[PDB]
Amino acid sequence: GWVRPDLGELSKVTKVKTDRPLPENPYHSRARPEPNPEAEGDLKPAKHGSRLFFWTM
Amino acid sequence: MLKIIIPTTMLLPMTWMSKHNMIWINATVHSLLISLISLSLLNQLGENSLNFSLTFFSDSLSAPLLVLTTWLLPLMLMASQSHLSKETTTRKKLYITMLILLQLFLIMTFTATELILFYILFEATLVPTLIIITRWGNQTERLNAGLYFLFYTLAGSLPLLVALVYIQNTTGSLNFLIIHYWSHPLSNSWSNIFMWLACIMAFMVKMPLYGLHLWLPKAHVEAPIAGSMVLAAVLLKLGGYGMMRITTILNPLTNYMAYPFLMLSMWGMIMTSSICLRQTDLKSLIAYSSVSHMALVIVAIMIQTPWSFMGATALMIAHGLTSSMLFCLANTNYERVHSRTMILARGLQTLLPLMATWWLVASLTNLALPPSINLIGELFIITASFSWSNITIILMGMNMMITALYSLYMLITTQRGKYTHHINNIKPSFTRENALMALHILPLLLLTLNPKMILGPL
Ligand SMILES: CCCCCCCCCCCCCCCCC[C@@H](O)O[C@H](CO[C@H](O)CCCCCCCCCCCCCCC)COP(=O)(O)OCC[N+](C)(C)C
């Protein structure tokens, strides 16, 4: 009672039921370094301007 | 102090919008008015300076220099309009523009609160002077003179710039008040020695120091009359003003870094005074005179005492007036006879008596006859040098003997003796020339009447 598969049936993406737990770190990755924290707060004008040599603005 | 700066910037378009035959009148009138306005800066305090704003301030050292600059502009205009009569209107306006720009740069230089702004203006003064010399000089040597004037200056000032920015990376400021209040001693290391040299050599070449002075006879001889006036009277004093400003951060290194410069100044003062005794060109004699007087000023600044600083200030003001007057006196004869050889025109007292009186008074102030401010500055410097070392009175003494000699020599060569027979084109003195001489000489004696106005902050 065997039926030959039709054209395009063996190439389907199927689903499988398994009791094997999904691995959590299959790449054996290290802990990622922490990023530079952030930019926060409101922007205020530069204190005393550019402060470049004699310029007061 | 924009009440002085803005009127000069207004002189600029006033000159460029004037009618073709009114440029000299308008320029002279408004220059004199600006000098009158600048006269108010002489009201100084005993404790600190007049701090007008974050950018400009006035001290008891810079106020007489500003007054001298603003007073010299109209005299330069009066002296220039004779030999520029054949010039086109546009070129005359360009010449007046150069003079005005030079005055503006000098005014801003003497009052800048920061050292880099001071450096920028003190280099900016180079361009109008070089243009005046190389465009309106009379002989072919002017071009060479211009080159000698430029690189001699820049080879001194480029290291200074580096030092300046280095200092701002170390102390955080170049403001002169902050620099004075937060002063720290200089240790004895090679780095500090080269910093001292970088801070000093530009002003040394500006004075100029003996051995670094070769640019000055060329530039001051080849220049037109206004160029020579402003070179001798004001531009040489930039070095002294800058040295007295910069020495506040160089202690106690100066205590022994001054020895080569002190030796050079004293011996070269003797040497240039001696050179004045054998000179065939009348303008070169006046230039070497300037070198000797500036050597005295260098000694005064290097020994770093209150009496020496007062003497240096008085000597700079007095020399400016006297040397400008002497250059104008020589220019009158040059315009008459078209030659700078001193022995060509002789016995001029017989032909021009009042001009001979002007010559006598100018040569009397050159040899520091008491109680002229020339003598006051010279005597203060000599007393301070005597305190520094009792042996200096030898060299200084010799200088006092030589100066008078060559001074009187000049007079005796030009005014006395018999007139040259074949020179028949000596016209009577114009009102303009007599007025120029009077406007030079009267302020000198008026300042003698009240000498504390030119004695500086000490
Ligand atoms: C034409 C006129 C131009 C303008 C004139 C400018 C004048 C510049 C002269 C510089 C003055 C002194 C500079 C440095 C101070 C001392 C120099 C040295 O001779 O003194 C001894 C230095 O010892 C030896 O002499 C080493 C220096 C020898 C090498 C320098 C070359 C000089 C030869 C002459 C070359 C000409 C230079 C000018 C070119 C125009 C002191 O012993 P020492 O205590 O250990 O050094 C002090 C510094 N410390 C503390 C950090 C160690």
Side-chain angles (χ1 to χ4, degrees), chain B residues 119 122-123 126 144-145 147-164 166-167 170 183-220 231 235-276 284 287-305 308 312 316 381 385 388-389 391-392 395-396 399:
Chain B
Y119 175 88
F122 155 100
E123 310 311 328
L126 274 173
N144 227 62
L147 297 175
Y148 266 68
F149 173 66
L150 185 66
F151 292 97
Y152 258 92
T153 292
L154 284 166
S157 75
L158 285 173
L160 170 72
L161 174 62
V162 178
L164 286 180
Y166 170 86
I167 283 155
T170 299
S183 211
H184 55 290
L186 262 194
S187 74
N188 213 359
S189 54
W190 293 114
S191 300
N192 284 158
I193 282 168
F194 280 99
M195 211 213 66
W196 195 98
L197 285 166
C199 290
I200 285 298
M201 287 326 285
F203 308 125
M204 274 305 170
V205 83
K206 233 51 184 294
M207 300 276 336
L209 166 81
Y210 175 75
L212 296 180
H213 68 284
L214 293 193
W215 64 269
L216 180 140
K218 289 148 164 294
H220 294 206
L231 276 158
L235 290 174
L236 293 176
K237 313 311 145 62
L238 288 175
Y241 171 85
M243 233 181 287
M244 284 193 267
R245 290 291 186 216
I246 197 88
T247 37
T248 185
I249 63 176
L250 298 183
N251 291 315
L253 206 52
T254 308
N255 252 312
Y256 84 95
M257 281 305 282
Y259 271 108
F261 304 92
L262 280 167
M263 296 315 103
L264 272 176
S265 301
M266 287 193 252
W267 187 241
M269 101 166 48
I270 290 303
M271 290 285 93
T272 41
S273 269
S274 283
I275 287 178
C276 281
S284 303
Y288 281 104
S289 272
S290 280
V291 181
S292 301
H293 298 300
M294 286 313 105
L296 215 36
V297 167
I298 291 172
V299 162
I301 294 178
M302 281 282 102
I303 61 183
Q304 299 254 103
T305 70
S308 69
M316 305 196 267
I381 297 173
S385 305
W388 188 81
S389 180
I391 322 183
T392 59
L395 290 178
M396 311 279 171
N399 193 52

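Quick note: numbers below take in every heavy atom, side chains included, and nothing from hydrogens, waters or symmetry partners. Throughout, protein chains are lettered first and strands after them, A, B, ... in sequence-line order, and every chain is numbered starting at 1. Whatever order the structure lists them in is the order used to number ligands and atoms, beginning at 1.
- At least one protein heavy atom sits closer than 4.0 Å to atom 11 (C) of ligand 1.
- Classification of the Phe149(B)-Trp215(B) ring pair by plane angle, with boundaries at 30° and 60°, yields tilted.
- By the 6.0 Å and 45° rule, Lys206(B) stacks over the aromatic ring of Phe122(B).
- Closest to atom 7 (C) of ligand 1, if we only count protein heavy atoms, is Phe261(B) CZ, 3.6 Å.
- Contact annotation for atom 24 (C) of ligand 1: protein absent (non-hydrogen atoms, distance under 4.0 Å).
- The protein heavy-atom contact nearest to atom 1 (C) of ligand 1 is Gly211(B) O, 4.1 Å.
- With a 4.0 Å heavy-atom cut-off, ligand 1 is reached by no atom of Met204(B).
- Between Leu253(B) and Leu186(B), the shortest heavy-atom contact is CD2-CD1, 3.9 Å.
- A 4.5 Å side-chain heavy-atom check between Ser183(B) and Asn251(B) finds every atom pair outside the cut-off.
- Between the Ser389(B) side chain and the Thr392(B) main chain, no donor and acceptor come within less than 3.5 Å of each other.
- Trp190(B) NE1, 4.0 Å is the protein heavy atom nearest to atom 52 (C) of ligand 1.
- Atom OG1 in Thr254(B) sits 12.5 Å away from atom CD1 in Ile303(B) (nearest 0.5 Å).
- Scanning the protein heavy atoms around atom 13 (C) of ligand 1, the nearest turns out to be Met257(B) CE, 4.1 Å.
- For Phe261(B) and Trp267(B), the ring centers sit 6.0 Å or farther from each other.
- Under the 4.5 Å side-chain criterion, counting only non-hydrogen atoms from C-beta, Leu209(B) is in contact with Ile298(B).
- Per-residue contacts place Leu209(B) under 4.0 angstrom from the following atoms of ligand 1 (heavy atoms of the residue considered): 4 (C).
- Under a 4.0 Å criterion applied to the non-hydrogen atoms of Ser189(B), ligand 1 contributes the atoms 51 (C).
- When each atom of ligand 1 is checked for a heavy atom of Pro260(B) under 4.0 Å away, the hits are 11 (C).
- Distance check for atom 39 (C) of ligand 1: every protein heavy atom is found at 4.0 Å or beyond.
- Among protein heavy atoms, the minimum distance from atom 15 (C) of ligand 1 is reached at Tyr256(B) CE1, 3.8 Å.
- The shortest contact between atom 5 (C) of ligand 1 and any protein heavy atom is with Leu264(B) CD1, 3.8 Å.
- The protein heavy-atom contact nearest to atom 50 (C) of ligand 1 is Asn188(B) O, 3.6 Å.
- In this model, a donor atom of one side chain and an acceptor atom of the other lie less than 3.5 Å apart for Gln304(B) and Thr247(B).
- Residues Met294(B) and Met269(B) form no side-chain contact, since every pair of their non-hydrogen atoms from C-beta on lies 4.5 Å or further apart.
- The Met201(B) neighbourhood of ligand 1 comprises atoms 4 (C), with distances under 4.0 Å to a heavy atom of that residue.
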